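Structure data (PDB, C-alpha atoms and all ligand atoms) from protein22.pdb:
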ATOM      1  CA  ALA A   9     -12.899  12.097  16.478  1.00  0.00           C
ATOM      2  CA  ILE A  10      -9.532  11.734  14.677  1.00  0.00           C
ATOM      3  CA  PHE A  11      -8.268  13.124  11.380  1.00  0.00           C
ATOM      4  CA  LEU A  12      -6.315  10.958   8.926  1.00  0.00           C
ATOM      5  CA  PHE A  13      -3.830  12.115   6.305  1.00  0.00           C
ATOM      6  CA  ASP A  14      -1.693  10.844   3.467  1.00  0.00           C
ATOM      7  CA  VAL A  15       1.888  11.997   3.926  1.00  0.00           C
ATOM      8  CA  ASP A  16       3.291  12.305   0.385  1.00  0.00           C
ATOM      9  CA  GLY A  17       1.238  14.745  -1.678  1.00  0.00           C
ATOM     10  CA  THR A  18      -1.536  15.437   0.849  1.00  0.00           C
ATOM     11  CA  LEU A  19       0.391  17.064   3.716  1.00  0.00           C
ATOM     12  CA  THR A  20       3.659  17.808   1.892  1.00  0.00           C
ATOM     13  CA  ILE A  21       5.022  18.085  -1.606  1.00  0.00           C
ATOM     14  CA  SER A  22       6.161  14.544  -2.315  1.00  0.00           C
ATOM     15  CA  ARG A  23       9.614  13.556  -0.945  1.00  0.00           C
ATOM     16  CA  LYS A  24      10.214  17.019   0.622  1.00  0.00           C
ATOM     17  CA  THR A  25       9.481  18.498   4.041  1.00  0.00           C
ATOM     18  CA  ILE A  26       6.358  20.335   5.232  1.00  0.00           C
ATOM     19  CA  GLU A  27       5.605  24.001   4.571  1.00  0.00           C
ATOM     20  CA  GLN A  28       4.658  26.176   7.541  1.00  0.00           C
ATOM     21  CA  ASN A  29       1.328  27.259   6.019  1.00  0.00           C
ATOM     22  CA  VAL A  30      -0.010  23.758   6.655  1.00  0.00           C
ATOM     23  CA  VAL A  31       1.326  23.028  10.150  1.00  0.00           C
ATOM     24  CA  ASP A  32      -0.217  26.289  11.385  1.00  0.00           C
ATOM     25  CA  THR A  33      -3.538  24.811  10.251  1.00  0.00           C
ATOM     26  CA  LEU A  34      -3.088  21.495  12.079  1.00  0.00           C
ATOM     27  CA  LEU A  35      -2.196  23.301  15.318  1.00  0.00           C
ATOM     28  CA  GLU A  36      -5.555  25.065  15.085  1.00  0.00           C
ATOM     29  CA  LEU A  37      -7.310  21.696  14.771  1.00  0.00           C
ATOM     30  CA  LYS A  38      -5.815  20.132  17.890  1.00  0.00           C
ATOM     31  CA  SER A  39      -6.573  23.583  19.359  1.00  0.00           C
ATOM     32  CA  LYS A  40     -10.246  23.337  18.416  1.00  0.00           C
ATOM     33  CA  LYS A  41     -12.394  21.946  21.230  1.00  0.00           C
ATOM     34  CA  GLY A  42     -11.976  18.192  20.699  1.00  0.00           C
ATOM     35  CA  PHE A  43      -9.603  17.022  17.962  1.00  0.00           C
ATOM     36  CA  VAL A  44      -6.696  14.583  17.605  1.00  0.00           C
ATOM     37  CA  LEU A  45      -4.425  14.165  14.598  1.00  0.00           C
ATOM     38  CA  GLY A  46      -3.119  10.996  13.001  1.00  0.00           C
ATOM     39  CA  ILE A  47      -1.273  10.121   9.820  1.00  0.00           C
ATOM     40  CA  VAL A  48      -0.921   7.002   7.669  1.00  0.00           C
ATOM     41  CA  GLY A  49       1.691   6.674   4.936  1.00  0.00           C
ATOM     42  CA  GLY A  50       3.512   3.944   3.076  1.00  0.00           C
ATOM     43  CA  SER A  51       6.984   5.132   4.056  1.00  0.00           C
ATOM     44  CA  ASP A  52       9.063   3.796   6.918  1.00  0.00           C
ATOM     45  CA  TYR A  53       8.890   5.921  10.049  1.00  0.00           C
ATOM     46  CA  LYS A  54      12.338   7.499   9.664  1.00  0.00           C
ATOM     47  CA  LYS A  55      11.281   9.070   6.364  1.00  0.00           C
ATOM     48  CA  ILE A  56       7.901  10.127   7.796  1.00  0.00           C
ATOM     49  CA  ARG A  57       9.354  11.787  10.903  1.00  0.00           C
ATOM     50  CA  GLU A  58      11.880  13.501   8.624  1.00  0.00           C
ATOM     51  CA  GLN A  59       8.990  14.823   6.529  1.00  0.00           C
ATOM     52  CA  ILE A  60       6.841  16.194   9.378  1.00  0.00           C
ATOM     53  CA  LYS A  61       9.589  17.603  11.674  1.00  0.00           C
ATOM     54  CA  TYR A  62       7.399  17.204  14.788  1.00  0.00           C
ATOM     55  CA  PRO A  63       5.761  13.836  15.591  1.00  0.00           C
ATOM     56  CA  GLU A  64       4.330  15.529  18.706  1.00  0.00           C
ATOM     57  CA  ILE A  65       1.354  17.111  16.917  1.00  0.00           C
ATOM     58  CA  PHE A  66       0.158  13.562  16.185  1.00  0.00           C
ATOM     59  CA  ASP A  67      -1.339  11.340  18.877  1.00  0.00           C
ATOM     60  CA  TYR A  68      -1.091   8.252  16.639  1.00  0.00           C
ATOM     61  CA  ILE A  69       1.407   7.865  13.780  1.00  0.00           C
ATOM     62  CA  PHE A  70       0.863   4.934  11.397  1.00  0.00           C
ATOM     63  CA  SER A  71       3.653   4.071   8.956  1.00  0.00           C
ATOM     64  CA  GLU A  72       3.996   1.382   6.289  1.00  0.00           C
ATOM     65  CA  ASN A  73       0.197   1.600   5.827  1.00  0.00           C
ATOM     66  CA  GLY A  74      -0.560   0.973   9.496  1.00  0.00           C
ATOM     67  CA  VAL A  75       1.396  -2.275   9.760  1.00  0.00           C
ATOM     68  CA  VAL A  76       3.700  -0.077  11.856  1.00  0.00           C
ATOM     69  CA  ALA A  77       2.124   2.135  14.513  1.00  0.00           C
ATOM     70  CA  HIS A  78       3.970   4.747  16.572  1.00  0.00           C
ATOM     71  CA  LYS A  79       2.924   6.734  19.631  1.00  0.00           C
ATOM     72  CA  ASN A  80       4.716   9.601  21.413  1.00  0.00           C
ATOM     73  CA  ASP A  81       7.779   8.760  19.268  1.00  0.00           C
ATOM     74  CA  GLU A  82       8.028   5.194  20.639  1.00  0.00           C
ATOM     75  CA  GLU A  83       7.540   2.132  18.463  1.00  0.00           C
ATOM     76  CA  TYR A  84       4.934   0.157  20.443  1.00  0.00           C
ATOM     77  CA  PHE A  85       4.051  -2.793  18.182  1.00  0.00           C
ATOM     78  CA  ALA A  86       3.981  -3.817  14.532  1.00  0.00           C
ATOM     79  CA  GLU A  87       4.169  -7.127  12.635  1.00  0.00           C
ATOM     80  CA  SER A  88       6.243  -8.320   9.661  1.00  0.00           C
ATOM     81  CA  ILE A  89       5.636 -10.084   6.349  1.00  0.00           C
ATOM     82  CA  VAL A  90       7.849 -13.034   7.333  1.00  0.00           C
ATOM     83  CA  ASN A  91       5.491 -13.713  10.244  1.00  0.00           C
ATOM     84  CA  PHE A  92       2.795 -14.079   7.555  1.00  0.00           C
ATOM     85  CA  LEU A  93       4.426 -16.147   4.794  1.00  0.00           C
ATOM     86  CA  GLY A  94       6.775 -17.992   7.105  1.00  0.00           C
ATOM     87  CA  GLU A  95      10.368 -18.871   6.378  1.00  0.00           C
ATOM     88  CA  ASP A  96       9.400 -21.643   3.940  1.00  0.00           C
ATOM     89  CA  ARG A  97       7.007 -19.905   1.537  1.00  0.00           C
ATOM     90  CA  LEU A  98       9.309 -16.877   1.649  1.00  0.00           C
ATOM     91  CA  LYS A  99      12.339 -18.827   0.401  1.00  0.00           C
ATOM     92  CA  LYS A 100       9.973 -19.895  -2.398  1.00  0.00           C
ATOM     93  CA  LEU A 101       8.724 -16.519  -3.626  1.00  0.00           C
ATOM     94  CA  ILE A 102      12.234 -15.107  -3.163  1.00  0.00           C
ATOM     95  CA  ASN A 103      14.186 -17.618  -5.261  1.00  0.00           C
ATOM     96  CA  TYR A 104      11.473 -17.681  -7.924  1.00  0.00           C
ATOM     97  CA  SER A 105      11.839 -13.901  -8.194  1.00  0.00           C
ATOM     98  CA  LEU A 106      15.636 -13.908  -8.544  1.00  0.00           C
ATOM     99  CA  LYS A 107      15.565 -16.833 -10.974  1.00  0.00           C
ATOM    100  CA  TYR A 108      13.113 -14.762 -13.032  1.00  0.00           C
ATOM    101  CA  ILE A 109      15.005 -11.472 -12.620  1.00  0.00           C
ATOM    102  CA  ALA A 110      18.150 -13.382 -13.626  1.00  0.00           C
ATOM    103  CA  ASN A 111      17.034 -14.930 -16.921  1.00  0.00           C
ATOM    104  CA  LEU A 112      15.141 -11.743 -17.857  1.00  0.00           C
ATOM    105  CA  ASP A 113      16.802 -10.006 -20.810  1.00  0.00           C
ATOM    106  CA  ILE A 114      16.738  -6.288 -20.014  1.00  0.00           C
ATOM    107  CA  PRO A 115      19.523  -3.879 -21.015  1.00  0.00           C
ATOM    108  CA  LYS A 116      20.567  -2.554 -17.595  1.00  0.00           C
ATOM    109  CA  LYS A 117      20.626  -4.606 -14.397  1.00  0.00           C
ATOM    110  CA  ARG A 118      21.923  -3.265 -11.104  1.00  0.00           C
ATOM    111  CA  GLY A 119      21.174  -4.180  -7.512  1.00  0.00           C
ATOM    112  CA  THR A 120      18.735  -4.297  -4.623  1.00  0.00           C
ATOM    113  CA  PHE A 121      16.381  -6.411  -6.703  1.00  0.00           C
ATOM    114  CA  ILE A 122      14.417  -7.556  -3.634  1.00  0.00           C
ATOM    115  CA  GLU A 123      13.921  -5.068  -0.809  1.00  0.00           C
ATOM    116  CA  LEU A 124      12.274  -6.452   2.333  1.00  0.00           C
ATOM    117  CA  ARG A 125      10.257  -3.844   4.198  1.00  0.00           C
ATOM    118  CA  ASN A 126       8.039  -4.669   7.169  1.00  0.00           C
ATOM    119  CA  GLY A 127       4.852  -4.318   5.135  1.00  0.00           C
ATOM    120  CA  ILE A 128       5.812  -5.153   1.547  1.00  0.00           C
ATOM    121  CA  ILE A 129       8.445  -7.002  -0.456  1.00  0.00           C
ATOM    122  CA  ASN A 130       9.626  -4.622  -3.169  1.00  0.00           C
ATOM    123  CA  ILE A 131      10.714  -6.503  -6.301  1.00  0.00           C
ATOM    124  CA  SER A 132      12.379  -4.582  -9.106  1.00  0.00           C
ATOM    125  CA  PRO A 133      13.975  -6.086 -12.234  1.00  0.00           C
ATOM    126  CA  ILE A 134      16.397  -3.214 -12.916  1.00  0.00           C
ATOM    127  CA  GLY A 135      17.189  -2.675  -9.238  1.00  0.00           C
ATOM    128  CA  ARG A 136      16.446  -0.154  -6.500  1.00  0.00           C
ATOM    129  CA  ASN A 137      19.831   1.616  -6.537  1.00  0.00           C
ATOM    130  CA  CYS A 138      20.276   3.337  -9.899  1.00  0.00           C
ATOM    131  CA  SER A 139      20.843   7.023 -10.627  1.00  0.00           C
ATOM    132  CA  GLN A 140      17.469   8.818 -10.880  1.00  0.00           C
ATOM    133  CA  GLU A 141      18.072   8.905 -14.636  1.00  0.00           C
ATOM    134  CA  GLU A 142      18.326   5.115 -14.947  1.00  0.00           C
ATOM    135  CA  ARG A 143      15.059   5.034 -12.995  1.00  0.00           C
ATOM    136  CA  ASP A 144      13.356   7.240 -15.584  1.00  0.00           C
ATOM    137  CA  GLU A 145      15.268   5.569 -18.425  1.00  0.00           C
ATOM    138  CA  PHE A 146      13.765   2.195 -17.479  1.00  0.00           C
ATOM    139  CA  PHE A 147      10.316   3.737 -16.985  1.00  0.00           C
ATOM    140  CA  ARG A 148      10.162   4.523 -20.717  1.00  0.00           C
ATOM    141  CA  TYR A 149      11.588   1.116 -21.600  1.00  0.00           C
ATOM    142  CA  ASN A 150       8.560  -0.093 -19.640  1.00  0.00           C
ATOM    143  CA  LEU A 151       6.124   1.863 -21.806  1.00  0.00           C
ATOM    144  CA  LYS A 152       7.561   0.192 -24.910  1.00  0.00           C
ATOM    145  CA  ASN A 153       7.620  -3.451 -23.755  1.00  0.00           C
ATOM    146  CA  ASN A 154       5.499  -3.535 -20.549  1.00  0.00           C
ATOM    147  CA  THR A 155       8.284  -5.492 -18.887  1.00  0.00           C
ATOM    148  CA  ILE A 156       7.012  -4.939 -15.343  1.00  0.00           C
ATOM    149  CA  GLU A 157       3.346  -5.839 -15.961  1.00  0.00           C
ATOM    150  CA  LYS A 158       4.525  -9.149 -17.387  1.00  0.00           C
ATOM    151  CA  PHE A 159       6.398  -9.677 -14.096  1.00  0.00           C
ATOM    152  CA  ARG A 160       3.315  -9.321 -11.883  1.00  0.00           C
ATOM    153  CA  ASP A 161       1.275 -11.606 -14.152  1.00  0.00           C
ATOM    154  CA  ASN A 162       3.724 -14.419 -13.371  1.00  0.00           C
ATOM    155  CA  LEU A 163       3.815 -13.852  -9.602  1.00  0.00           C
ATOM    156  CA  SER A 164       0.091 -13.040  -9.420  1.00  0.00           C
ATOM    157  CA  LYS A 165      -0.665 -16.434 -10.976  1.00  0.00           C
ATOM    158  CA  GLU A 166       2.163 -18.702  -9.789  1.00  0.00           C
ATOM    159  CA  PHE A 167       1.646 -17.498  -6.200  1.00  0.00           C
ATOM    160  CA  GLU A 168      -2.129 -17.123  -6.386  1.00  0.00           C
ATOM    161  CA  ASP A 169      -2.112 -19.803  -3.675  1.00  0.00           C
ATOM    162  CA  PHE A 170      -0.197 -17.559  -1.250  1.00  0.00           C
ATOM    163  CA  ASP A 171      -3.056 -15.106  -0.589  1.00  0.00           C
ATOM    164  CA  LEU A 172      -0.693 -12.556  -2.127  1.00  0.00           C
ATOM    165  CA  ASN A 173      -1.248  -9.427  -4.210  1.00  0.00           C
ATOM    166  CA  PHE A 174       1.352  -7.955  -6.571  1.00  0.00           C
ATOM    167  CA  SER A 175       0.476  -4.381  -7.542  1.00  0.00           C
ATOM    168  CA  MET A 176       2.769  -2.306  -9.741  1.00  0.00           C
ATOM    169  CA  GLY A 177       4.903  -0.138  -7.486  1.00  0.00           C
ATOM    170  CA  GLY A 178       6.772   2.963  -8.602  1.00  0.00           C
ATOM    171  CA  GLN A 179       8.490   3.326 -11.958  1.00  0.00           C
ATOM    172  CA  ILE A 180      10.815   0.332 -11.580  1.00  0.00           C
ATOM    173  CA  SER A 181       9.352  -1.990  -8.933  1.00  0.00           C
ATOM    174  CA  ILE A 182       6.360  -4.205  -8.133  1.00  0.00           C
ATOM    175  CA  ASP A 183       5.259  -4.026  -4.512  1.00  0.00           C
ATOM    176  CA  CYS A 184       4.298  -7.443  -3.106  1.00  0.00           C
ATOM    177  CA  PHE A 185       2.110  -7.396   0.015  1.00  0.00           C
ATOM    178  CA  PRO A 186      -0.431  -9.740   1.629  1.00  0.00           C
ATOM    179  CA  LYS A 187      -4.067  -9.418   0.618  1.00  0.00           C
ATOM    180  CA  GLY A 188      -6.009  -6.994   2.770  1.00  0.00           C
ATOM    181  CA  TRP A 189      -2.882  -5.117   3.870  1.00  0.00           C
ATOM    182  CA  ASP A 190      -3.580  -2.096   1.644  1.00  0.00           C
ATOM    183  CA  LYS A 191      -4.205   0.939   3.879  1.00  0.00           C
ATOM    184  CA  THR A 192      -7.447  -0.139   5.643  1.00  0.00           C
ATOM    185  CA  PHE A 193      -5.107  -2.031   7.975  1.00  0.00           C
ATOM    186  CA  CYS A 194      -4.676   0.966  10.288  1.00  0.00           C
ATOM    187  CA  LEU A 195      -8.367   0.659  11.187  1.00  0.00           C
ATOM    188  CA  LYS A 196      -7.373  -2.249  13.447  1.00  0.00           C
ATOM    189  CA  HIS A 197      -5.560   0.130  15.822  1.00  0.00           C
ATOM    190  CA  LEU A 198      -8.486   2.565  16.168  1.00  0.00           C
ATOM    191  CA  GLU A 199     -11.142   0.939  18.325  1.00  0.00           C
ATOM    192  CA  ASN A 200     -10.057   3.529  20.929  1.00  0.00           C
ATOM    193  CA  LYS A 201     -13.567   4.985  21.433  1.00  0.00           C
ATOM    194  CA  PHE A 202     -13.206   7.273  18.394  1.00  0.00           C
ATOM    195  CA  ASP A 203     -16.654   8.124  17.083  1.00  0.00           C
ATOM    196  CA  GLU A 204     -15.806   9.674  13.684  1.00  0.00           C
ATOM    197  CA  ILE A 205     -12.640   9.413  11.571  1.00  0.00           C
ATOM    198  CA  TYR A 206     -12.086  11.701   8.566  1.00  0.00           C
ATOM    199  CA  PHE A 207      -9.502  10.753   5.932  1.00  0.00           C
ATOM    200  CA  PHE A 208      -7.624  12.843   3.358  1.00  0.00           C
ATOM    201  CA  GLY A 209      -5.624  11.323   0.500  1.00  0.00           C
ATOM    202  CA  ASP A 210      -4.442  11.846  -3.067  1.00  0.00           C
ATOM    203  CA  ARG A 211      -5.158   8.968  -5.446  1.00  0.00           C
ATOM    204  CA  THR A 212      -8.518   8.024  -3.959  1.00  0.00           C
ATOM    205  CA  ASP A 213      -9.523   6.242  -7.182  1.00  0.00           C
ATOM    206  CA  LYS A 214      -9.359   2.563  -8.074  1.00  0.00           C
ATOM    207  CA  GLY A 215      -5.819   1.657  -8.985  1.00  0.00           C
ATOM    208  CA  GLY A 216      -4.612   3.959  -6.218  1.00  0.00           C
ATOM    209  CA  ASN A 217      -3.100   3.522  -2.777  1.00  0.00           C
ATOM    210  CA  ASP A 218      -5.747   5.163  -0.588  1.00  0.00           C
ATOM    211  CA  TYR A 219      -8.693   3.982  -2.709  1.00  0.00           C
ATOM    212  CA  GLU A 220      -9.459   0.959  -0.514  1.00  0.00           C
ATOM    213  CA  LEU A 221      -9.695   3.254   2.532  1.00  0.00           C
ATOM    214  CA  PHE A 222     -12.160   5.789   1.080  1.00  0.00           C
ATOM    215  CA  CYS A 223     -14.904   3.273   0.278  1.00  0.00           C
ATOM    216  CA  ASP A 224     -14.336   1.356   3.504  1.00  0.00           C
ATOM    217  CA  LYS A 225     -17.696   2.335   5.037  1.00  0.00           C
ATOM    218  CA  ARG A 226     -16.115   2.779   8.481  1.00  0.00           C
ATOM    219  CA  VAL A 227     -14.998   6.341   7.748  1.00  0.00           C
ATOM    220  CA  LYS A 228     -15.865   9.439   5.746  1.00  0.00           C
ATOM    221  CA  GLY A 229     -13.176  10.155   3.152  1.00  0.00           C
ATOM    222  CA  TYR A 230     -12.339  13.452   1.468  1.00  0.00           C
ATOM    223  CA  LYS A 231     -10.411  13.717  -1.781  1.00  0.00           C
ATOM    224  CA  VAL A 232      -7.943  16.605  -1.876  1.00  0.00           C
ATOM    225  CA  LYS A 233      -5.895  17.839  -4.820  1.00  0.00           C
ATOM    226  CA  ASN A 234      -2.700  19.218  -3.248  1.00  0.00           C
ATOM    227  CA  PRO A 235      -1.552  20.443   0.213  1.00  0.00           C
ATOM    228  CA  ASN A 236      -2.665  24.031  -0.468  1.00  0.00           C
ATOM    229  CA  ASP A 237      -6.019  22.684  -1.571  1.00  0.00           C
ATOM    230  CA  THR A 238      -5.996  20.457   1.530  1.00  0.00           C
ATOM    231  CA  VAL A 239      -5.629  23.457   3.847  1.00  0.00           C
ATOM    232  CA  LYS A 240      -8.644  24.829   1.984  1.00  0.00           C
ATOM    233  CA  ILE A 241     -10.692  21.652   2.494  1.00  0.00           C
ATOM    234  CA  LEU A 242      -9.864  21.840   6.213  1.00  0.00           C
ATOM    235  CA  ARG A 243     -10.570  25.552   6.752  1.00  0.00           C
ATOM    236  CA  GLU A 244     -13.811  25.404   4.752  1.00  0.00           C
ATOM    237  CA  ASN A 245     -15.489  22.584   6.708  1.00  0.00           C
ATOM    238  CA  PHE A 246     -13.698  22.978  10.055  1.00  0.00           C
TER     239      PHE A 246
HETATM  240 MG    MG B 301      -0.072  10.324  -1.782  1.00  0.00          MG
END

Let me see the file written as structure tokens.
Amino acid sequence: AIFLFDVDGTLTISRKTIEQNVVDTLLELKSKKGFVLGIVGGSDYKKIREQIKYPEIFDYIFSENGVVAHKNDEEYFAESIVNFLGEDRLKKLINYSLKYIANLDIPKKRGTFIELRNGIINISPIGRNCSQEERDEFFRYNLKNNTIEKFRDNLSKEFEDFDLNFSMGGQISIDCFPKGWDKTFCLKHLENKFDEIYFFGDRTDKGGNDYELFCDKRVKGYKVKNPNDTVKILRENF
């Protein structure tokens, strides 16, 4: 049996490192007669390893929603979005996005409008690099005019043919990933004779990242509030 965890918000306070109260609890699990630990999070592995200090507690580490798997701190294997779309359809979605981001009248435009990660293509009309304030400042401009929801409605319809999903990302970006690459993807790597897999996430409701995993019959899911509540949900049942 393996245990599965969301990184940001479930094992650590989001964007910061891991408190020692929690890691002491995981050590007891892999020290309880028959348990292995694995994690799945949207972030690239460098951020994840930074967040958890020790990748060695974890037999299997799945980053970018399981489209990237790691083991004993070696990469092993992981695919890319370009291998899915192909160089042609990509230079179609790309230059439609910039041509739209271009002619869009918003007050502040910056840079890194299209970030290519392994799993997703992050599209953002203001731009990825902007002082944390400009991030929040555009978030409220979004509440007034719903600028970003209008963006997805174009891509979601124009590229309905691409088998593509465009879900609203953070405050300033729309994540663009292939259909069925939510978080249930990491199930593909776990036919390793593992009888029961338990999962722990944050936003396990529809319109959330780890929602599609919970109701995937394959595994029992638990909804936790915060990391201190998580440690409670572990100690209580295990
Ligand atoms: Mg989370």

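Note on the selection: in this file the PyMOL selection byres (((not hetatm)) within 6 of (chain B and resi 301)) comes out as residues 14, 16, 17, 18 and 210 of chain A.
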
Can those selected residues be exported to a file as a PDB file, in the frame of the given file so that it contains C-alpha atoms?
ATOM      1  CA  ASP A  14      -1.693  10.844   3.467  1.00  0.00           C
ATOM      2  CA  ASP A  16       3.291  12.305   0.385  1.00  0.00           C
ATOM      3  CA  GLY A  17       1.238  14.745  -1.678  1.00  0.00           C
ATOM      4  CA  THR A  18      -1.536  15.437   0.849  1.00  0.00           C
ATOM      5  CA  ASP A 210      -4.442  11.846  -3.067  1.00  0.00           C
TER       6      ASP A 210
END

| request: For the file shown, report as JSON, numbers by chain the outcome of the PyMOL selection byres (((chain A and resi 28-32) around 12) and not hetatm) at residue level. | output: {"A": [18, 19, 20, 21, 25, 26, 27, 33, 34, 35, 36, 37, 38, 39, 45, 59, 60, 61, 62, 63, 64, 65, 66, 234, 235, 236, 237, 238, 239, 240, 241, 242, 243]}

| request: Would you translate the PyMOL selection byres (((chain A and resi 156) around 10) and not hetatm) into the concrete set of residues it matches in this file, as a PyMOL selection string? | output: chain A and resi 131-134+147+149-151+153-155+157-161+176-177+179-182

| Distance query residue 206 in chain A at most 8 Å, all atoms listed in the file, self and fewer than 2 positions along chain excluded, as a PyMOL selection string | chain A and resi 9-12+204+208+227-230

Please produce a file of those selected residues containing C-alpha atoms, as a JSON list (two decimals), keeping the file's coordinate frame.
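Just written: again.json:
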[["chain", "number", "residue", "atom", "x", "y", "z"],
["A", 9, "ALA", "CA", -12.90, 12.10, 16.48],
["A", 10, "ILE", "CA", -9.53, 11.73, 14.68],
["A", 11, "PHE", "CA", -8.27, 13.12, 11.38],
["A", 12, "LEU", "CA", -6.32, 10.96, 8.93],
["A", 204, "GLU", "CA", -15.81, 9.67, 13.68],
["A", 208, "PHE", "CA", -7.62, 12.84, 3.36],
["A", 227, "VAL", "CA", -15.00, 6.34, 7.75],
["A", 228, "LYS", "CA", -15.86, 9.44, 5.75],
["A", 229, "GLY", "CA", -13.18, 10.15, 3.15],
["A", 230, "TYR", "CA", -12.34, 13.45, 1.47]]

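Shortest atom-to-atom contact with residue 57 in chain A among A:89, A:75, A:194, A:15: A:15, counting only C-alpha atoms.
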
| field | Coordinates-based distance that separates CA of residue 173 in chain A from CA of residue 116 in chain A (Å, one decimal) | value | 26.5 Å

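CA of residue 118 in chain A is found 25.4 Å from CA of residue 22 in chain A.
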
| remark: Across A:76, A:205, A:110, A:102, the smallest distance to residue 189 in chain A, with only C-alpha atoms counted, is shown by A:76

| request: Would you mind reading off the distance between CA of residue 186 in chain A and CA of residue 171 in chain A, one decimal, in Å? | output: 6.4 Å

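For the choices A:172, A:195, A:109, A:223, the atom-to-atom distance to residue 46 in chain A is smallest for A:195 when using all atoms listed in the file.
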
| said: Give me the residues near residue 190 in chain A as a PyMOL selection string, where near means some atom within 8 Å (using all atoms listed in the file) and where sequence neighbours in that chain fewer than 3 positions away do not count. | reply: chain A and resi 73+185+187+193+217-218+220

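For the residues A:42, A:52, A:101, A:71, ranking by smallest atom-to-atom distance to residue 168 in chain A using all atoms listed in the file places A:101 first.
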
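Distances here use all atoms listed in the file; by that measure, the residue among A:96, A:115, A:120, A:53 closest to residue 145 in chain A is A:115.
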
My structure is short of atoms at range 218-233 of chain A; please model N, CA and C atoms there, returning them as a PDB file, in the frame of the given file.
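Generated file (result-v1.pdb):
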ATOM      1  N   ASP A 218      -4.743   4.871  -1.597  1.00  0.00           N
ATOM      2  CA  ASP A 218      -5.747   5.163  -0.588  1.00  0.00           C
ATOM      3  C   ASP A 218      -7.172   4.930  -1.075  1.00  0.00           C
ATOM      4  N   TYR A 219      -7.347   4.277  -2.227  1.00  0.00           N
ATOM      5  CA  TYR A 219      -8.693   3.982  -2.709  1.00  0.00           C
ATOM      6  C   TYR A 219      -9.435   3.054  -1.754  1.00  0.00           C
ATOM      7  N   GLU A 220      -8.797   1.948  -1.360  1.00  0.00           N
ATOM      8  CA  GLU A 220      -9.459   0.959  -0.514  1.00  0.00           C
ATOM      9  C   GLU A 220      -9.908   1.533   0.823  1.00  0.00           C
ATOM     10  N   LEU A 221      -9.297   2.628   1.275  1.00  0.00           N
ATOM     11  CA  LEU A 221      -9.695   3.254   2.532  1.00  0.00           C
ATOM     12  C   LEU A 221     -10.968   4.078   2.371  1.00  0.00           C
ATOM     13  N   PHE A 222     -11.023   4.903   1.320  1.00  0.00           N
ATOM     14  CA  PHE A 222     -12.160   5.789   1.080  1.00  0.00           C
ATOM     15  C   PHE A 222     -13.485   5.038   1.159  1.00  0.00           C
ATOM     16  N   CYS A 223     -13.633   3.981   0.359  1.00  0.00           N
ATOM     17  CA  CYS A 223     -14.904   3.273   0.278  1.00  0.00           C
ATOM     18  C   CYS A 223     -15.113   2.288   1.418  1.00  0.00           C
ATOM     19  N   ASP A 224     -14.099   2.058   2.252  1.00  0.00           N
ATOM     20  CA  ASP A 224     -14.336   1.356   3.504  1.00  0.00           C
ATOM     21  C   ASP A 224     -15.336   2.169   4.311  1.00  0.00           C
ATOM     22  N   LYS A 225     -16.559   1.650   4.430  1.00  0.00           N
ATOM     23  CA  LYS A 225     -17.696   2.335   5.037  1.00  0.00           C
ATOM     24  C   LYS A 225     -17.344   3.010   6.356  1.00  0.00           C
ATOM     25  N   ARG A 226     -16.440   2.389   7.115  1.00  0.00           N
ATOM     26  CA  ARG A 226     -16.115   2.779   8.481  1.00  0.00           C
ATOM     27  C   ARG A 226     -15.907   4.280   8.647  1.00  0.00           C
ATOM     28  N   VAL A 227     -15.466   4.971   7.596  1.00  0.00           N
ATOM     29  CA  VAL A 227     -14.998   6.341   7.748  1.00  0.00           C
ATOM     30  C   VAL A 227     -15.396   7.180   6.542  1.00  0.00           C
ATOM     31  N   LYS A 228     -15.692   8.454   6.807  1.00  0.00           N
ATOM     32  CA  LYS A 228     -15.865   9.439   5.746  1.00  0.00           C
ATOM     33  C   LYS A 228     -14.513   9.836   5.169  1.00  0.00           C
ATOM     34  N   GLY A 229     -14.390   9.759   3.850  1.00  0.00           N
ATOM     35  CA  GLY A 229     -13.176  10.155   3.152  1.00  0.00           C
ATOM     36  C   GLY A 229     -13.398  11.448   2.390  1.00  0.00           C
ATOM     37  N   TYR A 230     -12.340  12.246   2.283  1.00  0.00           N
ATOM     38  CA  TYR A 230     -12.339  13.452   1.468  1.00  0.00           C
ATOM     39  C   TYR A 230     -11.201  13.340   0.470  1.00  0.00           C
ATOM     40  N   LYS A 231     -11.469  13.674  -0.787  1.00  0.00           N
ATOM     41  CA  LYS A 231     -10.411  13.717  -1.781  1.00  0.00           C
ATOM     42  C   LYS A 231      -9.899  15.146  -1.880  1.00  0.00           C
ATOM     43  N   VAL A 232      -8.593  15.312  -1.725  1.00  0.00           N
ATOM     44  CA  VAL A 232      -7.943  16.605  -1.876  1.00  0.00           C
ATOM     45  C   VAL A 232      -7.073  16.561  -3.121  1.00  0.00           C
ATOM     46  N   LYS A 233      -6.837  17.737  -3.705  1.00  0.00           N
ATOM     47  CA  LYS A 233      -5.895  17.839  -4.820  1.00  0.00           C
ATOM     48  C   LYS A 233      -4.458  17.870  -4.307  1.00  0.00           C
TER      49      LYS A 233
END
